[PDB]
Visitor: 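This is the structure I have questions about; it appears just below.
Order of listing sets the numbers, starting from 1, for every ligand and every atom in it. Sequential numbering from 1 along the given sequence is applied to the chain's residues. Keep in mind that the numbers below use all heavy atoms, side chains included, and drop hydrogens, waters and symmetry copies.
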Amino acid sequence: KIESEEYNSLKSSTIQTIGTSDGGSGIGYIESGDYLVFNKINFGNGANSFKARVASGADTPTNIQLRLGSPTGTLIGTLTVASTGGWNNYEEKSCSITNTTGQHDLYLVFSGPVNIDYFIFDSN
Ligand SMILES: O[C@@H]1[C@@H](O)[C@H](O[C@@H]2CO[C@@H](O[C@@H]3CO[C@@H](O[C@@H]4CO[C@@H](O[C@@H]5CO[C@@H](O)[C@H](O)[C@H]5O)[C@H](O)[C@H]4O)[C@H](O)[C@H]3O)[C@H](O)[C@H]2O)OC[C@H]1O
Ligand SMILES: [Ca+2]
């Protein structure tokens, strides 16, 4: 598990840390082409699944690309998030990823807006 608001670096001119109504925090005000960087993520044993707690009031879907090494590095999967009913209505959404082990920098690269609280890598 990784908290979006605990990124090491980012590329954005708009991203803000936001709250949720449950007393948590996360990332909003994301625009197309922004990315969050999480350095030295040990995928440990194995990961073939990605789950994120996300909210969206957008009227088009946002793709969250999961890239290793650089923003144009190996693409291991893409979570596509349509509206959840509103910007403060969080749901947990999952995608499969190419099985990943070892230590990589992780770039979440966004095609549009989404509010994100946290994400979890697991093996189904
Ligand atoms: O304390 C807590 C508060 O922090 C919390 O505040 C909420 C923080 O998050 C806010 O959500 C932002 C709402 O505004 C969005 O910008 C939208 C994004 O969509 C744009 O339009 C898009 C254009 O591109 C199209 O292709 C796409 O389909 C469209 O959707 C629109 O122009 C922008 O206005 C941000 O992305 C969100 O992060 C939320 O409103 C606050 O309420 O509230 C709870 C409290 O406990
Ligand atoms: Ca969070």
Visitor: Could you tell me which atoms of ligand 1, counted from 1 in the order shown, lie closer than 4.0 angstrom to a heavy atom of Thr20?
Guide: 46 (O)
Visitor: Return the closest protein heavy atom for atom 28 (O) of ligand 1 as residue, atom name and distance.
Guide: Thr60 OG1, 2.5 Å
Visitor: Hey, are the side chains of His104 and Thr74 touching, using non-hydrogen atoms and a 4.5 Å cut-off?
Guide: no
Visitor: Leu68 versus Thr100: any side-chain heavy-atom pair under 4.5 Å?
Guide: yes
Visitor: Is the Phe119-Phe50 ring centre distance short of 6.0 angstrom?
Guide: yes
Visitor: Does a salt bridge link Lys1 with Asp122, judged by any charged N lying under 4.0 Å from a carboxylate O?
Guide: no
Visitor: Quick one: are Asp34 and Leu10 in side-chain contact, heavy atoms under 4.5 Å?
Guide: no
Visitor: I need the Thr80 OG1 to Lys93 NZ distance, nearest 0.5 Å.
Guide: 11.0 Å
Visitor: Does the protein put a heavy atom under 4.0 Å from atom 16 (O) of ligand 1?
Guide: no
Visitor: To check you understand the geometry: which heavy-atom pair defines the closest contact between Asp105 and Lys40, and what is its length?
Guide: OD1-NZ, 2.9 Å
Visitor: Crowded around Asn45 CG? As in, over 12 foreign heavy atoms under 6.0 Å?
Guide: no
Visitor: Look at atom 7 (C) of ligand 1 and find which of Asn88, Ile27, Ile116, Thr17 reaches it with the closest heavy atom.
Guide: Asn88
Visitor: Would you verify that at least one protein heavy atom lies under 4.0 Å from atom 38 (O) of ligand 1, or report that none does?
Guide: yes
Visitor: May I ask you to decide if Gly46's main-chain N or O and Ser123's side chain share a donor-acceptor pair within less than 3.5 Å?
Guide: yes
Visitor: I want to know whether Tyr7 and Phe38 have ring centres closer than 6.0 Å.
Guide: no
Visitor: Taking only heavy atoms of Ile18, which atoms of ligand 1 are found under 4.0 Å from at least one of them?
Guide: 4 (O), 8 (C), 9 (O)
Visitor: Compute the shortest N/O to N/O distance between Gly19 and ligand 1 and return yes if it is under 3.5 Å, no if not.
Guide: yes
Visitor: Quick one: OG1 on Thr20 to CG on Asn115, what's the gap to the nearest 0.5 Å?
Guide: 10.0 Å
Visitor: Under 4.0 Å from atom 9 (O) of ligand 1, can you find at least one protein heavy atom?
Guide: yes
Visitor: Protein heavy atom under 4.0 angstrom of atom 4 (O) of ligand 1, is there one?
Guide: yes
Visitor: Starting from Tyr90 and following side-chain heavy-atom contacts under 4.5 Å between hydrophobic residues (I, L, V, M, F, W, Y), which residues can be reached?
Guide: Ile18, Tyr29
Visitor: What protein heavy atom is closest to atom 36 (O) of ligand 1, reported as residue, atom name and distance in Å?
Guide: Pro113 CB, 3.6 Å
Visitor: Report yes or no: does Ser21 have a heavy atom closer than 4.0 Å to ligand 1?
Guide: yes
Visitor: Backbone or side chain, does any N or O of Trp87 fall under 3.5 Å from an N or O of ligand 1?
Guide: no
Visitor: Does the protein put any heavy atom within less than 4.0 Å of atom 33 (C) of ligand 1?
Guide: no
Visitor: For the Ca ion (ligand 2), report each protein N, O or S atom nearer than 3.0 Å, sorted by chain and then by residue number.
Guide: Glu3 OE1, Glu5 OE1, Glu5 OE2, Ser25 O, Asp117 O, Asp117 OD1
Visitor: Considering non-hydrogen atoms of the protein only, which is the closest contact for atom 14 (O) of ligand 1, and what is the distance?
Guide: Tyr29 CE2, 4.0 Å
Visitor: Can you list the atoms of ligand 1 that are under 4.0 Å from a heavy atom of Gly28?
Guide: 38 (O)
Visitor: Is the closest heavy atom of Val114 to ligand 1 under 4.0 Å?
Guide: no
Visitor: Does ligand 1 have a heavy atom under 4.0 Å from the side chain of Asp59, from its backbone, from both, or from neither?
Guide: both
Visitor: Under 4.0 angstrom from atom 19 (O) of ligand 1, is there any protein heavy atom?
Guide: yes
Visitor: Hey, does the side chain of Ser32 reach the backbone of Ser111 with a donor-acceptor pair shorter than 3.5 angstrom?
Guide: yes
Visitor: So if you build clusters from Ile, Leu, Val, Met, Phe, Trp, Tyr with side-chain heavy-atom gaps below 4.5 Å, do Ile76 and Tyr35 land together?
Guide: no
Visitor: Is there a protein heavy atom at a distance of less than 4.0 Å from atom 23 (C) of ligand 1?
Guide: no
Visitor: Within the side chain of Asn42, is there an N or O that forms a donor-acceptor pair under 3.5 Å with the backbone of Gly44?
Guide: yes
Visitor: Is any side-chain heavy atom of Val37 closer than 4.5 Å to one of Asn39?
Guide: yes
Visitor: Please work out whether any backbone atom (N, CA, C, O) or any side-chain heavy atom from C-beta onward of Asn115 is under 4.0 Å from ligand 1, and answer side chain, backbone, both or neither.
Guide: side chain
